[PDB]
Structures are given as structure tokens and as C-alpha cells.
Amino acid sequence: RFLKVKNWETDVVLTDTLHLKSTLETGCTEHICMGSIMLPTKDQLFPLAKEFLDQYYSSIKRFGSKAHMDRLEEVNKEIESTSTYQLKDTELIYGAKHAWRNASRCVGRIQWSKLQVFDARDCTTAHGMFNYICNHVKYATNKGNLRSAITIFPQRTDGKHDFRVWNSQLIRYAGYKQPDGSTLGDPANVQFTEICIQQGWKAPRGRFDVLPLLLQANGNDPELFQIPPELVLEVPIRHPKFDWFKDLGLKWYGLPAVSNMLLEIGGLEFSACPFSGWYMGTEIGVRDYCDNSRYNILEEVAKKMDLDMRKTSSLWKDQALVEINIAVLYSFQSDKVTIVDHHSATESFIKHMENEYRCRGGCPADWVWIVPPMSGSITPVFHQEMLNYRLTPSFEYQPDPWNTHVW
Amino acid sequence: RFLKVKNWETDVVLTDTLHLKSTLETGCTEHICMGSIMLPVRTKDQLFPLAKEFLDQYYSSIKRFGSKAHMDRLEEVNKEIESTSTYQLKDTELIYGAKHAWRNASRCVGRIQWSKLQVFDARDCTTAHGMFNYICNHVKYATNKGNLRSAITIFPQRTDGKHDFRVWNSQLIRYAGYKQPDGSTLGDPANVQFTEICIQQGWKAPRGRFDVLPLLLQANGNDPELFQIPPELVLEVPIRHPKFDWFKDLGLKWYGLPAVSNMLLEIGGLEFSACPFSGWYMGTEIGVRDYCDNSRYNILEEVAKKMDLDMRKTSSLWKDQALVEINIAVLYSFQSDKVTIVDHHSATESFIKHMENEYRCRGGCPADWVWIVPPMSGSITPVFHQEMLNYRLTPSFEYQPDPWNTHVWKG
Ligand code: HEM
Ligand code: HEM
Ligand SMILES: C[C@H](O)[C@H](O)[C@H]1CNc2nc(N)[nH]c(=O)c2N1
Ligand SMILES: C[C@H](O)[C@H](O)[C@H]1CNc2nc(N)[nH]c(=O)c2N1
Ligand SMILES: CONC(=N)NCCC[C@H](N)C(=O)O
Ligand SMILES: CONC(=N)NCCC[C@H](N)C(=O)O
Ligand SMILES: [Zn+2]
């Protein structure tokens, strides 16, 4: 029940013990592996609070100290009295950093301890949420020198006073179904774009329209806000060798800022907790640009290169893919906007894994998400065995608010 | 119980019921997923249920379930097991068994082809020379002058575990690897240990970069013996590029016939420890893994140099650029020489059609995403976007330990 992981390129073996601390379930069983599946009260709360505070006090090397026993006693009194409890700033910061640390799908976790935590638990209105979010956007963007940050709105109470950001990311492009039957802009965002339009947003109906924020404070109906354009750093996409690439009219935004997940710390649930780092190049150039269900540009690019598109075995798709990804990196680099290539990021993740094995006894990692969507086996993560398991504090999926909201 | 899998590109949802017929364990639990781990004798008692389960599956597939012929066969195997402690498969059951081991192989992207498999029954084989002859016949048949035909040759099953038939090679055709005194490797680094064994057993190594290894063949638990495959039977393809004329001067070639020879075939509880099988290549096996893994031929640098790529920063994606050109060269070379090969786009697209068919007609298709997704260009192939369920069905191909680690030497 101590487990080994081997790297098949280097023969390095690591022993995992951290998995024994894992609490939540994976979706797998002895009979079936679900590794490739995308989405697999008072009495409940006190064990969860205890588990967390124990790890917190252990981390500041004060386990079993009076300050430990006193905080446990105090929270226990507070749950008994109010049915919830409030985290100290120090615990909140620890919790959020560790939720990133525990994120098994995240290749960038070498950065986990450098996270700016913005405490927005005093927020009461959607206007206040807009303010906090602009401040986060501007802080994280930092004129292109990106800095990781999370903004944490008030925790769930009875479940009818939820804070939610309706957007899937703070910054994303609109998608529109056309009379044609084709899609203009980002097909991933068609339904959300419709909810915005139906809410009064007037869309430019273009290929790259930054969506408005749709913010829900305290379980109320959500409200629209335009992020000031000067706060949205975008990069026009050009190629260092192909003069025609810029005519494709492509651009992307600099700040990736996931805003639809739920942060769980010590059993408390932070349903609105937008966080941001910076992009790995493949996210935009392979997935956002080349997925069939996304901007799906492989065909237009291949044509401009004059490749033989008659047969798959000419590898015309693969050739265009490499070029598109070269252009994304070149463009962010030329404009001084932080970006990481898939070679650099995966090399750092292997080094992080070794650190975590050494100092913590393991590192939960989901191979299916960690290996980049191009050139998998030429990155070292491909050859690295990983164990996937669930630790808390964590980031969790939650259902989309419109399926849940009672208007 | 019903399990759904979704394709995130097409929104197609499929429903799996076949997993209920799975008995063997995956390595995962409720608390841990071991989906990326490469590797996560038998009483007369345990043997009859395994035989029964298999014969029920066979008679079902032939629309003869519960027939007198089905009942008499169960009775006959039962009597044979308690009398002799094992049993012999009928030829038709052996064919059925081997095809199904392939159909059930969750790591295999080529399974659309599963019902087209030439089964060579070598269970009358007794000596290593006999094994050599069977294997030459398999190679010549499978090769078919470049028009590759899938095949398997099945040597006698395990009895007491002391008389095993084993092919010590990991594939029938592979290149020697040699560790040099300065610590560099000549040839294929994957085959260094095996190469050292062959040399010790008496092989005279030419010591070049692409020396076809001799066969090392163990019959009936005896010490293994060396044999040279006749060079006329080993089809190879020199690698060149359609636009880059310097590519040929890299001196690269590869063999046409991929023939895995170290796995164990389990049918109805019987263990076939020597069961070499062969199909044809998907391009990336050679052009991505065999050529570009750091632990294999490792040609990325030398190629990118010749392409004059910017090699001072990884973010130029020089490695990715060279990678694509190499893989073009491999497909171009095989196609030009009329040797069967499949590109990763074709193969994955075919797999998805296979998988959808299997859900509809079989109730499922166990698949290992980690292995199914190609090692380059993952997300522009449809399998990247397909959720899969991995579980183990019998008959099956299984790993077994390398024979030099377990063999009792007779001297
Ligand atoms: C600093 C730069 C960072 C890099 C380069 C990075 C890298 C990545 C990449 C490439 C993915 C996969 C995204 C996808 O395929 O959609 C990912 C997922 C994830 N990342 Fe990180 N990350 C970074 C910062 C962070 C921060 C600051 C947090 C939290 C505070 C975090 C938490 C996660 C989570 C929870 C997922 C899974 C999201 C999902 O399931 O959709 N990341 N990250
Ligand atoms: C017909 C042409 C075939 C193609 C294109 C094909 C394709 C592949 C590929 C690309 C892999 C992964 C190989 C690797 O990474 O090492 C594989 C694995 C496998 N294939 Fe197929 N295959 C074919 C025929 C067959 C046949 C005839 C059998 C058995 C009768 C078979 C059984 C398997 C098994 C058991 C594995 C897993 C091997 C392992 O775990 O090392 N394949 N196949
Ligand atoms: C079905 C499959 O799990 C799905 O396509 C996954 C595969 N790996 C991934 N990996 C990352 N980083 N992001 C993703 O969206 C996905 N999608
Ligand atoms: C550690 C990891 O499981 C290992 O490198 C796997 C990944 N996927 C693979 N997929 C295929 N087809 N072949 C392989 O050898 C591997 N290697
Ligand atoms: C730092 O934030 N994490 C990321 N690098 N990406 C988060 C998700 C972004 C998404 N894959 C996208 O391509 O927009
Ligand atoms: C037909 O056999 N199936 C294959 N396509 N490959 C089997 C294993 C071959 C191995 N990956 C190789 O590169 O030599
Ligand atoms: Zn699993």
C-alpha cells in the first residue's frame, strides 16, 4: 500500500505515501478504470474542519500545541452555535495555495506557493464583485508580466445565497449561431452568449468579442458588466516566417482566468473563486484554435501554406499545427506577455513532482490532462507514471448556474 | 448497471454493459487511479470454471448455446480436467480464442481488423528447431512481399510451469543494441540486455546500427537456442523524405513486420506462453517512439540540425518541427515501397468507427486512452476527445516476466 511510480525514460522510481491521506473517491473501481472520463449539515462539517486545521497546524510546525487545541475548540463552539465557521486569513491563504497544490490536472503547480490571495469575503453586491474582479484582472495582468492570483467571495451558507460568476473564465470570446448554420466566434460559448444577449448585452456579433461579466451576489439574479477594455490585454497573432499569417485575423487574450469552479477548504464551499495564472502555448494554439468544435482553423491555415490536403498521410494537419503553435508563442513573446511552451512547462512539472515526492511523499497527477495535446511523447511527462487521487483543500467542478438558478 | 461514455467533439453518448462480464482486476480503486502505470501452476479446481465460462462464450457466438454439442463438450472437458488436470482446445476454439484475445486488447488501436487473423496452430511443436521453422513460415506468410497479413503462431500451452515454450526475443524482428565502453550506445538501446544475452549464448554480432537480432527459442523448458532468420525473409525499408534529399544520408531504415513475441495468451484458463503475433505498423510507432524517444535512436537533434532550425530555445518548437518531418518520411518510405502502413489519422478514425460498432453489437469496447491516443498530435485525432472505459476481458494477452529472470538453466 506504499506505491511506486517509474519514469520509463530515466528509470527513476519514486515511492508514494501521500495517497493514503486521500479522502474523496476517484470514479474507478477494481473492475473498471474511468481515468479518461471528464466528469467522474452540522455533523458532516466538524470532521472536515478538524482534518484541515490539523494539516494547517502541522504545516506551521505547531501540531498538538495549545494554539492548535484552542482553535479546534473555538471552531467547534462556532459550528455548534452557528452551523458554520469562518476561516482566519492565514488559514484561507493556506487553503487556497493547497487547493492549487492538490490540483491533479494542473501542469503548472511548480508555482503553487506564489499565489496572491484576494479576500473578498466582505463582498455583498454584484457591483462589489465587479470591482474586486477588475482589481484582480489588473493586478494579475501587470502589463503583461502576469502574476498568479485568486479572488475569494463569501462561502456558501444555506445554499440559496450563493455567490457565482456565471462566466466560465473572466475573459472569453462570444459565440453566435448563424442563419448559415455555421458558428461565428467561439462555439464553446454559444449558450452563455445567448444568456448574455437575452439579458440585454448588445453583441458586436464579431469573431473575437470579449464577453461581459455576469455576476451573481448572494443568490440574487446575475447582472451584466463590461470589463474596461484597457484592462483586457490581447495579442494579435503573427508568424516569424509567414508574412500572410496576420491576415487570418487571429488574436487571443493574455489572462487565463477560470471562474466556474468551487474551492473547498475545511469543508467550507467557496462557489465564486476566480483564479488566474498564465497560458501554456498549446492551450490556445492546439485546443482553442484547432479543435474541430472550437475555432477549427486547421483547414484555412493548411490552404495558405499550400500543403497537399488530399491524403491524411502527408501529415498536412500536423504540419499546420506546429506552425500555428510557433505563431502563438512568437506573438505573446514579441508583445512581452508571459507564456510558457509545452516543453518548458512539462520539464518544470517533472522537477516539481520530484520536489513533492521528496518533501511531501507524493504528488497527485492526472496523466490524461498533464501530457500536452501535441507532441506528447517528446515531452518528459509522457514517460512518467502518475498516481491520480483526490486531496483537500481542492478545486471541484460544480453545475452551471443557469441549470440551478431559480429566477 | 449502465455506464455512459461521451465524445466531447461530437456529443455522441455510448452505453456500456459489457463491463459487467469483466472479472479480472484493473489496479485502480475507489481511492486511487492507476490508469497511467505501465504494469499495474493453476489448480484443477480454478480451471473448470474458467473453461466453462469460455465454452459458454464460444457456443453462444456460434448460436449453439445449450445444445447437445455444447453440453457434451462441457462434459468432455470436465472429464479431461479431472483425469489429466488440464485440457486441449479444439482447433475452432483456439481460433475463436486468439481472435478474441485481440478483440479484447484494450491497448490496441488496430482492433477494427480483429476478425481477420491467420491462426497457425503449432501445438504439435517439440523442439527449438521446430519453433524456428514455424516462425520462419509465419514471417514469410505475414510479410507477403509487403502486403502484410495479420497472423499468430501458437506453441504448446503451459503444463507444470517447468516445460514452458518461450520466444526470448521481445519481437521476432528487432535491431541489436550495444553499450560502448565510453558509455554511448550503438543501435537500439531498448535491446542492449537481450543483445548481451545472445552474444553470451554464442551469437557473432556484426556490431552496426541496424543488425537484425537472432531468434533465441526455448522449447519444452529446455535451454534456449540461437537461430538466424534467413535475410531474404526480413523485409526492410530505407527511410527517405519526399522533399528533403539529405534525409537518406542519415542512414535510417526500419523493418516492415512488427511481431510482438513476449506476451502470454490466456484462453479458457490455459496459458500459451509462446504466441508471437504480427500485424502492420502505425507510422508513429517508428517515427515518434522508435526514432525520437531519448532512450531509443534519439534522432531529433541530428535531424533539426540538417533542417537548420533555431535550436537555441525550445519555444521555436524545433523538436516538434523535426518530429513531423520524420514521420512524413516514414509514411512516404513505406508507401513508396508498397509495404503496408497506416497513419495515425486513418488508424484513430477507424478505431472510433470500430468502437461505435462494438458498443452497438457487443455492448462495449474496453480501451486504454493512455495507449490509444497517438504519441504526437494527440488532440487533432478523434480518440483524444473520446471517453473510454478500461477493463479486462478474457481471452486476453498478458505480460509475463522476461524469461532470463526466471529460467532454470540445465547447462
Ligand atoms: C502560473 C501558470 C499556470 C500554468 C502554466 C498552468 C497550467 C495549466 C494547464 C495547461 C491546465 C489544463 C487546462 C485545460 O486543458 O483546459 C491547467 C488546469 C488547471 N489548473 Fe493550472 N496553471 C497555472 C496556474 C494555476 C493557478 C494559479 C491555479 C489555481 C489557483 C490553477 C489550477 C488548475 C485547475 C484547478 C485546473 C483544472 C481545470 C479544469 O479541470 O478545467 N492553475 N493548468
Ligand atoms: C493489424 C495491424 C495492427 C495495428 C496498426 C495495431 C496497432 C497497435 C499499436 C499502435 C499499439 C501500441 C504499440 C506500442 O506502443 O508499442 C498496439 C498494441 C497492441 N496490439 Fe495491436 N495493432 C495491429 C494488430 C494486432 C494484432 C494482429 C494483435 C494480436 C493478434 C494485436 C494486439 C495488441 C496487443 C496485445 C497490444 C498491447 C501491446 C503491449 O501492451 O505492449 N495488434 N497495436
Ligand atoms: C475525453 C478526454 O478525457 C478529454 O478529451 C480530455 C483529455 N485530456 C485533456 N487534457 C487537458 N489538459 N484538457 C482537456 O480538456 C482534456 N480533455
Ligand atoms: C508512463 C506511461 O503510461 C507510458 O509512458 C506509456 C504512455 N502511453 C503509451 N502508449 C503507447 N501506445 N505505447 C506506450 O509505450 C505508451 N507508454
Ligand atoms: C493559468 O491558468 N491556467 C491555464 N494556463 N489555463 C486555464 C484554462 C484555460 C483554457 N485551457 C483556455 O485555453 O482558455
Ligand atoms: C501489428 O503489431 N502491432 C503493431 N502495430 N505494433 C506492435 C508493437 C510494435 C512496437 N511499437 C514497435 O515500434 O516496434
Ligand atoms: Zn483508474
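Throughout, protein chains are lettered first and strands after them, A, B, ... in sequence-line order, and every chain is numbered starting at 1.
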Can you tell me if [X] has over 12 outside heavy atoms packed within less than 6.0 Å of its [atom1]?
| X | atom1 | value |
| --- | --- | --- |
| B:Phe2 | CZ | no |
| A:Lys304 | NZ | yes |
| B:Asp11 | CG | yes |

Work out which heavy atom in [X] is nearest to a heavy atom in [Y]; give both atom names and the distance.
| X | Y | value |
| --- | --- | --- |
| B:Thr29 | A:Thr26 | O-OG1, 2.9 Å |
| B:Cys28 | A:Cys28 | CB-CB, 3.5 Å |
| B:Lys319 | A:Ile378 | CB-CD1, 3.7 Å |
| A:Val322 | B:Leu317 | O-CD1, 4.1 Å |

Using only heavy-atom distances, determine whether the side chains of [X] and [Y] contain a donor-acceptor pair under 3.5 Å.
| X | Y | answer |
| --- | --- | --- |
| B:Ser315 | A:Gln333 | yes |
| B:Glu325 | A:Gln319 | yes |
| B:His344 | A:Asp318 | yes |

Counting only non-hydrogen atoms closer than 4.5 Å, does [X] touch chain B with its backbone (N, CA, C, O), its side chain (CB onward), both, or neither?
| X | result |
| --- | --- |
| A:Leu387 | both |
| A:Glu347 | neither |
| A:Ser314 | backbone |
| A:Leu20 | neither |
| A:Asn388 | both |
| A:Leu298 | side chain |
| A:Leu321 | side chain |
| A:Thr23 | backbone |

Part of residues 368-377 of chain B lying next to chain A, heavy-atom separation under 4.5 Å: B:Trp369, B:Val370, B:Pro375, B:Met376, B:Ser377
Determine whether B:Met38 and A:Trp8 make a side-chain contact, defined as any pair of heavy atoms from C-beta on separated by less than 4.5 Å. yes
Less than 4.5 Å apart, any side-chain heavy atom of A:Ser377 and any of B:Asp293? yes
Heavy-atom pair count under 4.5 Å with chain B, highest-scoring of [options]:
| options | answer |
| --- | --- |
| A:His31, A:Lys4, A:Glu30 | A:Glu30 |
| A:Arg390, A:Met38, A:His19 | A:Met38 |
| A:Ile32, A:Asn292, A:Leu24, A:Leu329 | A:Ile32 |
| A:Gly27, A:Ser36, A:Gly376 | A:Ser36 |

B:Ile37 portion near chain A, given a 4.5 angstrom heavy-atom threshold: both
What part of B:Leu3 gets closer than 4.5 Å to chain A, counting heavy atoms only: side chain, backbone, both or neither? side chain
How long is the span from the CZ atom in B:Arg289 to the NE2 atom in A:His383, to the nearest 0.5 Å? 5.5 Å
